[PDB]
Number of protein chains: 4
Amino acid sequence: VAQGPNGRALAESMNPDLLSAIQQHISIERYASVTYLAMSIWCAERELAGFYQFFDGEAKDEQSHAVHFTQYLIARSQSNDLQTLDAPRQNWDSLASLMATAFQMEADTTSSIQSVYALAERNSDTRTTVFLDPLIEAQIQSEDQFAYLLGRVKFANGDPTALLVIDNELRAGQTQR
Amino acid sequence: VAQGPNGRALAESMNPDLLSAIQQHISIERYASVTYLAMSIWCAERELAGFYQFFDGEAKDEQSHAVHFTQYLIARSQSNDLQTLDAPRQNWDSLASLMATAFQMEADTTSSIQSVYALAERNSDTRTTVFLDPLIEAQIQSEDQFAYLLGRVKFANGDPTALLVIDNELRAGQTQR
Amino acid sequence: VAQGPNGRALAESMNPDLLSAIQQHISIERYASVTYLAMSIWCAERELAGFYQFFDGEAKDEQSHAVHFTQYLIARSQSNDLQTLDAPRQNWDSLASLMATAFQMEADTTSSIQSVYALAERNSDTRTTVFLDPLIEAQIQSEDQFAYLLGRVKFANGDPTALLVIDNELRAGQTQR
Amino acid sequence: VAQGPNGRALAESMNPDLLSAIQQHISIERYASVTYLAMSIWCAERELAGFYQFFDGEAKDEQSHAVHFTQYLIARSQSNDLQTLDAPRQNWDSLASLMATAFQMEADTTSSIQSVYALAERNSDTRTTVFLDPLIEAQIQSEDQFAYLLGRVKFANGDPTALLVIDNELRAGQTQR
């Protein structure tokens, strides 16, 4: 029995560039997490409590997603490499602009997974493509969700009354179509 | 015992033009169903989730109404004739304009039933007039309902805040007076 | 943030031929639905109540499958295009012949999904292949199911007694191995 | 306040030929009742216990229908006139032939109600047409039911095995599509 780079018994070696791509993706999701934290703070500063609660939950979820990837590397007997995390964006001129950054962050997270997926396919790493499948499925739901929230906020057209109504929807857990 | 055109035992022959009118009405209700589906999609595209849910339910109900008519033809030992279904309208400039098409579609469905009713009366088909009676009663309630939703949306006068409030009413199931 | 063809925020553009293939597949499933409705009616005309109930449920399920595809297009910010629906086949010489059309319709539905799948793979649309995966899994179960019902009806060899027994199995919900 | 022919306070006089038609219809339903009793006996003589139980219940139901009509005459302050009841048919060569008489008896019962209905319409007796409406609705269901049982028995094509299976369906209460 061979030993993997993290010391565990190795079921199948992983190509080093695929390993590197997974480690980078973990950083992307950790960065998404702290970005949702910053967005949570921005909303709380403006008394948008429903948005604050929503983004506080999203930050914790994205961190859970990141940890789920570290567990996969352990399962493949590969080394993790937790990296330096950049500071998040923290300033926006409006909730519409913040929601636009939030949607693009989710789309960019999916693009990162797709990049790992294509590399796994080129290397015929069926374990990794199968591992990623339900994660892509969740990203479809998240993109649909953030498109809904972004479009609802844009429909409000900057009217405080409409934004208070949406804020109360989010506080109640009404965050999807 | 005589055999009906669909092969079952025949309690009483049905006039061919009345049969034709019932078969056409089934197409009307199937067309109403796919029209409410298209309206459901239009609302979902604009993040009007309550309207999307309402019209999704209406599409399923109208299809149930259509099937209820096919069961009557079976019960009368008559042949069904499921027809080609036209594509629904799919574009509207506003929710007020969509709701106007929805109300007119319900009124047109009632007009179709009334046309079948008058033909049955001319042919003294008391089974058919009795069968249609509760269906007309339901159409009165549906017309009242769509007049309520249309009038509420018109009262909003295109204000996004008011439309979000109405959208949330529909999501909660508050769809009638 | 870019806007998709249906107006929502766009996570990733979809190739126009893949969009067209998904829209056509929605028509296939809508056509399967009305075909199972016609089969339901054929069985009810011959007092095969269990088969009538089975196909009535299948028609509603296939319509749900079609709607599930329209929701995916919304989620991808793509336009739906609900099309003209052909009239279904409505005449068969025997239950064995009807069940043969039913099995071929399910197999043809899977072929349609496979065609969309291959197009998505060529365009590297991992969202679509992941979305289709559980739908292919359900089609495997449906093919197994219709092969079971078709083979059971063929085993009956046109004997009314055997067909009544099978009809009662279906009425009780005994529709699979 | 005027007094009706049965001595009660009279809300509105009834035309004598309409009264006569209702009294005759009561005889029709009483005759249907004793006919289903005779059919019950025929089935019990041949150990068709499910059919025996079904027709025993039908005899009691038809008698209830007859009594419901006598109550309407009381409600209209009209005299009842319970008539001589003919002996029922009691001999059939097969269950298929018995079921044919049963279906025709139900269709003939509906024809009798339709005849009363037309007379009420000519005399503008809206109380009577409204009273008959749910009774016609029940006759549609009964015709559908007897067409189902007749067609199922004909499908059996005189095979004892198939008739035993149907007999057991009826004993379990499986009497409709």
# chains A, B, ... in the order shown; residues from 1 in each chain; ligands from 1
>>> residues_around(residues="segment 38-45 of chain B", least_positions_apart="4", cutoff="10 Å", atoms="only C-alpha atoms", output="ChimeraX atom specification")
/A:147-148,151,177 /B:32-34,49-59,87-92,94-95,98-99,101-102,167 /C:6-8,67,70-71,73-75,77-82
>>> closest_atom_pairs(of="chain D", to="chain C", cutoff="8 Å", atoms="only C-alpha atoms", output="Markdown table")
| residue | atom | partner | partner_atom | distance |
| --- | --- | --- | --- | --- |
| D:148 | CA | C:47 | CA | 5.5 |
| D:149 | CA | C:47 | CA | 8.0 |
| D:151 | CA | C:47 | CA | 6.4 |
| D:152 | CA | C:47 | CA | 6.0 |
| D:155 | CA | C:160 | CA | 6.4 |
| D:156 | CA | C:160 | CA | 5.8 |
| D:157 | CA | C:160 | CA | 7.9 |
| D:159 | CA | C:161 | CA | 7.8 |
| D:161 | CA | C:161 | CA | 6.7 |
| D:162 | CA | C:161 | CA | 4.6 |
| D:165 | CA | C:165 | CA | 7.6 |
| D:177 | CA | C:49 | CA | 4.8 |
>>> write_last_selection(atoms="N, CA and C atoms", output="CSV table (one decimal), in the first residue's frame")
chain,number,residue,atom,x,y,z
D,148,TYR,N,-69.4,0.5,-16.6
D,148,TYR,CA,-68.1,-0.1,-16.2
D,148,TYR,C,-68.3,-1.6,-15.8
D,149,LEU,N,-69.3,-1.9,-15.0
D,149,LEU,CA,-69.5,-3.3,-14.6
D,149,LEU,C,-70.0,-4.1,-15.7
D,151,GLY,N,-69.3,-3.6,-19.0
D,151,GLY,CA,-68.2,-3.8,-19.9
D,151,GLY,C,-67.1,-4.7,-19.3
D,152,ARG,N,-66.9,-4.7,-18.0
D,152,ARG,CA,-66.0,-5.6,-17.4
D,152,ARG,C,-66.5,-7.0,-17.5
D,155,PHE,N,-66.1,-8.1,-21.1
D,155,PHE,CA,-64.6,-8.4,-21.3
D,155,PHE,C,-64.3,-9.8,-20.9
D,156,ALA,N,-64.8,-10.2,-19.7
D,156,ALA,CA,-64.6,-11.6,-19.2
D,156,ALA,C,-65.0,-12.7,-20.3
D,157,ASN,N,-65.9,-12.4,-21.1
D,157,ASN,CA,-66.3,-13.3,-22.2
D,157,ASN,C,-66.7,-14.6,-21.7
D,159,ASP,N,-65.8,-16.4,-19.2
D,159,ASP,CA,-64.8,-17.2,-18.5
D,159,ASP,C,-65.1,-17.2,-17.0
D,161,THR,N,-63.2,-18.1,-14.5
D,161,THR,CA,-62.1,-17.5,-13.7
D,161,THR,C,-62.2,-15.9,-13.7
D,162,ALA,N,-62.4,-15.3,-14.9
D,162,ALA,CA,-62.6,-13.9,-14.9
D,162,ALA,C,-63.8,-13.4,-14.1
D,165,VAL,N,-63.0,-13.4,-10.4
D,165,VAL,CA,-62.1,-12.2,-10.1
D,165,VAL,C,-63.0,-11.0,-10.0
D,177,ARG,N,-64.8,2.8,-11.8
D,177,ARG,CA,-63.5,3.0,-12.4
D,177,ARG,C,-62.5,3.7,-11.5
>>> closest_residue(among="D:35, D:107, D:69, D:153", to="residue 13 of chain B", atoms="only C-alpha atoms")
D:107
>>> atom_distance(atom1="atom CA of residue 158 of chain A", atom2="atom CA of residue 174 of chain B")
26.9 Å
>>> residues_around(residues="residue 17 of chain A", least_positions_apart="4", cutoff="9 Å", atoms="only C-alpha atoms", output="MDAnalysis selection string")
chainID A and resid 21:22 119
>>> residues_around(residues="residue 18 of chain D", least_positions_apart="6", cutoff="10 Å", atoms="only C-alpha atoms", output="list in words")
residues 24, 115, 116, 117, 118, 119, 120, 122, 123, 125 and 128 of chain D
>>> atom_distance(atom1="atom CA of residue 20 of chain D", atom2="atom CA of residue 63 of chain D")
19.1 Å
>>> select_by_dssp(residues="segment 63-113 of chain A", states="alpha helix (DSSP H)", output="ChimeraX atom specification")
/A:63-75,95-113
>>> write_last_selection(atoms="N, CA, C and O atoms", output="short mmCIF file (atom, residue, chain, number, x, y, z; two decimals), in the first residue's frame")
data_model
loop_
_atom_site.label_atom_id
_atom_site.label_comp_id
_atom_site.auth_asym_id
_atom_site.auth_seq_id
_atom_site.Cartn_x
_atom_site.Cartn_y
_atom_site.Cartn_z
N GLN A 63 -18.18 29.07 4.52
CA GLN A 63 -17.08 28.48 5.28
C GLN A 63 -17.26 26.97 5.40
O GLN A 63 -16.30 26.21 5.26
N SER A 64 -18.50 26.52 5.63
CA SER A 64 -18.79 25.09 5.64
C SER A 64 -18.44 24.45 4.29
O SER A 64 -17.89 23.34 4.26
N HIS A 65 -18.72 25.13 3.20
CA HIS A 65 -18.38 24.61 1.89
C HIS A 65 -16.87 24.48 1.78
O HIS A 65 -16.41 23.49 1.33
N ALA A 66 -16.13 25.48 2.22
CA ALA A 66 -14.68 25.41 2.18
C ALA A 66 -14.16 24.21 2.97
O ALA A 66 -13.29 23.47 2.49
N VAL A 67 -14.70 24.00 4.17
CA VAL A 67 -14.25 22.89 5.01
C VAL A 67 -14.58 21.56 4.36
O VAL A 67 -13.79 20.60 4.43
N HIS A 68 -15.74 21.47 3.70
CA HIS A 68 -16.09 20.27 2.95
C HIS A 68 -15.02 19.93 1.91
O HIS A 68 -14.69 18.75 1.71
N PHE A 69 -14.44 20.94 1.26
CA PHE A 69 -13.34 20.68 0.33
C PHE A 69 -12.08 20.20 1.06
O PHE A 69 -11.37 19.33 0.55
N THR A 70 -11.77 20.76 2.23
CA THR A 70 -10.59 20.26 2.94
C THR A 70 -10.77 18.80 3.32
O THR A 70 -9.80 18.04 3.31
N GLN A 71 -12.00 18.38 3.62
CA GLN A 71 -12.26 16.99 3.96
C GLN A 71 -12.03 16.07 2.77
O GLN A 71 -11.56 14.94 2.93
N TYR A 72 -12.37 16.54 1.57
CA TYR A 72 -12.11 15.76 0.36
C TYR A 72 -10.61 15.54 0.16
O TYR A 72 -10.18 14.45 -0.21
N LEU A 73 -9.80 16.57 0.39
CA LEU A 73 -8.36 16.38 0.25
C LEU A 73 -7.85 15.35 1.25
O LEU A 73 -7.03 14.50 0.90
N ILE A 74 -8.34 15.41 2.49
CA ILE A 74 -7.99 14.38 3.47
C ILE A 74 -8.39 13.00 2.96
O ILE A 74 -7.61 12.04 3.04
N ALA A 75 -9.61 12.89 2.42
CA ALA A 75 -10.12 11.62 1.92
C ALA A 75 -9.29 11.08 0.76
O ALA A 75 -9.22 9.86 0.57
N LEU A 95 -27.54 49.24 -1.77
CA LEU A 95 -27.84 47.81 -1.63
C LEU A 95 -27.86 47.12 -3.00
O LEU A 95 -27.44 45.96 -3.13
N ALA A 96 -28.33 47.82 -4.03
CA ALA A 96 -28.32 47.25 -5.37
C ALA A 96 -26.91 46.92 -5.82
O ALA A 96 -26.66 45.87 -6.41
N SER A 97 -25.96 47.82 -5.52
CA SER A 97 -24.57 47.57 -5.89
C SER A 97 -23.97 46.43 -5.06
O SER A 97 -23.19 45.63 -5.59
N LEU A 98 -24.30 46.36 -3.77
CA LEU A 98 -23.84 45.24 -2.96
C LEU A 98 -24.38 43.92 -3.50
O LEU A 98 -23.63 42.94 -3.65
N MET A 99 -25.68 43.87 -3.79
CA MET A 99 -26.27 42.63 -4.30
C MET A 99 -25.65 42.23 -5.63
O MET A 99 -25.56 41.04 -5.94
N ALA A 100 -25.23 43.21 -6.44
CA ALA A 100 -24.54 42.88 -7.68
C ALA A 100 -23.21 42.20 -7.41
O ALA A 100 -22.86 41.21 -8.06
N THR A 101 -22.44 42.73 -6.45
CA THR A 101 -21.20 42.05 -6.07
C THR A 101 -21.49 40.66 -5.51
O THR A 101 -20.75 39.70 -5.78
N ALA A 102 -22.58 40.51 -4.75
CA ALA A 102 -22.89 39.20 -4.17
C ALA A 102 -23.19 38.18 -5.27
O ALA A 102 -22.67 37.06 -5.25
N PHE A 103 -24.02 38.56 -6.24
CA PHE A 103 -24.32 37.66 -7.35
C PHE A 103 -23.06 37.30 -8.13
O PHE A 103 -22.85 36.14 -8.50
N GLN A 104 -22.22 38.29 -8.42
CA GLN A 104 -21.01 38.00 -9.18
C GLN A 104 -20.07 37.09 -8.39
O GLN A 104 -19.41 36.22 -8.97
N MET A 105 -20.03 37.25 -7.07
CA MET A 105 -19.22 36.37 -6.24
C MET A 105 -19.70 34.93 -6.33
O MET A 105 -18.89 33.99 -6.39
N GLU A 106 -21.02 34.71 -6.33
CA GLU A 106 -21.52 33.35 -6.48
C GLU A 106 -21.21 32.79 -7.86
O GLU A 106 -20.76 31.64 -7.99
N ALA A 107 -21.44 33.58 -8.91
CA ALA A 107 -21.08 33.15 -10.26
C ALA A 107 -19.59 32.85 -10.37
O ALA A 107 -19.19 31.87 -11.00
N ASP A 108 -18.75 33.69 -9.76
CA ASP A 108 -17.31 33.43 -9.78
C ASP A 108 -16.94 32.17 -9.01
O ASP A 108 -15.98 31.48 -9.37
N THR A 109 -17.67 31.86 -7.93
CA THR A 109 -17.42 30.62 -7.22
C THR A 109 -17.73 29.42 -8.12
O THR A 109 -16.95 28.46 -8.16
N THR A 110 -18.84 29.48 -8.85
CA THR A 110 -19.16 28.41 -9.80
C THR A 110 -18.10 28.29 -10.88
O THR A 110 -17.71 27.17 -11.25
N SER A 111 -17.64 29.42 -11.44
CA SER A 111 -16.57 29.37 -12.43
C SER A 111 -15.34 28.66 -11.90
O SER A 111 -14.69 27.90 -12.62
N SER A 112 -15.00 28.91 -10.63
CA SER A 112 -13.85 28.23 -10.03
C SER A 112 -14.08 26.72 -9.97
O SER A 112 -13.18 25.94 -10.31
N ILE A 113 -15.26 26.29 -9.53
CA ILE A 113 -15.56 24.85 -9.51
C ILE A 113 -15.50 24.27 -10.91
O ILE A 113 -14.98 23.17 -11.12
#
>>> atom_distance(atom1="atom CA of residue 132 of chain A", atom2="atom CA of residue 27 of chain A")
16.2 Å
>>> decode(residues="segment 75-95 of chain A", atoms="N, CA and C atoms", output="mmCIF file, in the first residue's frame")
data_model
loop_
_atom_site.group_PDB
_atom_site.id
_atom_site.type_symbol
_atom_site.label_atom_id
_atom_site.label_comp_id
_atom_site.auth_asym_id
_atom_site.auth_seq_id
_atom_site.Cartn_x
_atom_site.Cartn_y
_atom_site.Cartn_z
ATOM 1 N N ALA A 75 -9.608 12.894 2.421
ATOM 2 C CA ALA A 75 -10.123 11.621 1.921
ATOM 3 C C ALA A 75 -9.292 11.084 0.764
ATOM 4 N N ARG A 76 -8.687 11.967 -0.027
ATOM 5 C CA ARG A 76 -7.835 11.551 -1.130
ATOM 6 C C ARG A 76 -6.382 11.393 -0.710
ATOM 7 N N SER A 77 -6.093 11.563 0.581
ATOM 8 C CA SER A 77 -4.748 11.446 1.138
ATOM 9 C C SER A 77 -3.816 12.527 0.607
ATOM 10 N N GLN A 78 -4.372 13.683 0.254
ATOM 11 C CA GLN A 78 -3.602 14.814 -0.238
ATOM 12 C C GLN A 78 -3.406 15.854 0.861
ATOM 13 N N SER A 79 -2.355 16.650 0.704
ATOM 14 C CA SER A 79 -2.081 17.717 1.654
ATOM 15 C C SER A 79 -3.006 18.900 1.404
ATOM 16 N N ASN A 80 -3.519 19.474 2.489
ATOM 17 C CA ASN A 80 -4.141 20.783 2.424
ATOM 18 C C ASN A 80 -3.061 21.857 2.462
ATOM 19 N N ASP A 81 -3.416 23.047 1.993
ATOM 20 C CA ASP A 81 -2.508 24.190 2.080
ATOM 21 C C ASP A 81 -3.384 25.432 2.254
ATOM 22 N N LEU A 82 -3.689 25.751 3.508
ATOM 23 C CA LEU A 82 -4.500 26.922 3.817
ATOM 24 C C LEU A 82 -3.691 28.182 3.564
ATOM 25 N N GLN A 83 -4.234 29.076 2.749
ATOM 26 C CA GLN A 83 -3.460 30.194 2.235
ATOM 27 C C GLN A 83 -3.839 31.501 2.917
ATOM 28 N N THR A 84 -2.990 32.499 2.682
ATOM 29 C CA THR A 84 -3.296 33.873 3.053
ATOM 30 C C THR A 84 -4.626 34.280 2.440
ATOM 31 N N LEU A 85 -5.458 34.954 3.224
ATOM 32 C CA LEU A 85 -6.779 35.387 2.786
ATOM 33 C C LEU A 85 -6.773 36.904 2.632
ATOM 34 N N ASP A 86 -7.046 37.388 1.419
ATOM 35 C CA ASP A 86 -7.152 38.823 1.183
ATOM 36 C C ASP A 86 -8.275 39.446 2.010
ATOM 37 N N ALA A 87 -8.145 40.748 2.270
ATOM 38 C CA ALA A 87 -9.236 41.515 2.863
ATOM 39 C C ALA A 87 -10.405 41.614 1.886
ATOM 40 N N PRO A 88 -11.644 41.524 2.370
ATOM 41 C CA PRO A 88 -12.801 41.652 1.481
ATOM 42 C C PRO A 88 -13.067 43.102 1.104
ATOM 43 N N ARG A 89 -13.803 43.267 0.006
ATOM 44 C CA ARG A 89 -14.431 44.553 -0.253
ATOM 45 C C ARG A 89 -15.358 44.895 0.909
ATOM 46 N N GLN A 90 -15.435 46.182 1.243
ATOM 47 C CA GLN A 90 -16.242 46.575 2.386
ATOM 48 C C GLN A 90 -17.095 47.810 2.153
ATOM 49 N N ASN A 91 -17.011 48.453 0.991
ATOM 50 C CA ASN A 91 -17.757 49.676 0.742
ATOM 51 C C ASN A 91 -18.590 49.526 -0.521
ATOM 52 N N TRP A 92 -19.857 49.932 -0.436
ATOM 53 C CA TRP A 92 -20.772 49.976 -1.567
ATOM 54 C C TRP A 92 -21.611 51.240 -1.453
ATOM 55 N N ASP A 93 -22.052 51.760 -2.599
ATOM 56 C CA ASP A 93 -22.869 52.967 -2.613
ATOM 57 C C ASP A 93 -24.352 52.695 -2.414
ATOM 58 N N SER A 94 -24.797 51.455 -2.578
ATOM 59 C CA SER A 94 -26.213 51.136 -2.451
ATOM 60 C C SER A 94 -26.353 49.642 -2.229
ATOM 61 N N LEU A 95 -27.539 49.240 -1.769
ATOM 62 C CA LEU A 95 -27.836 47.814 -1.635
ATOM 63 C C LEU A 95 -27.858 47.120 -2.999
#
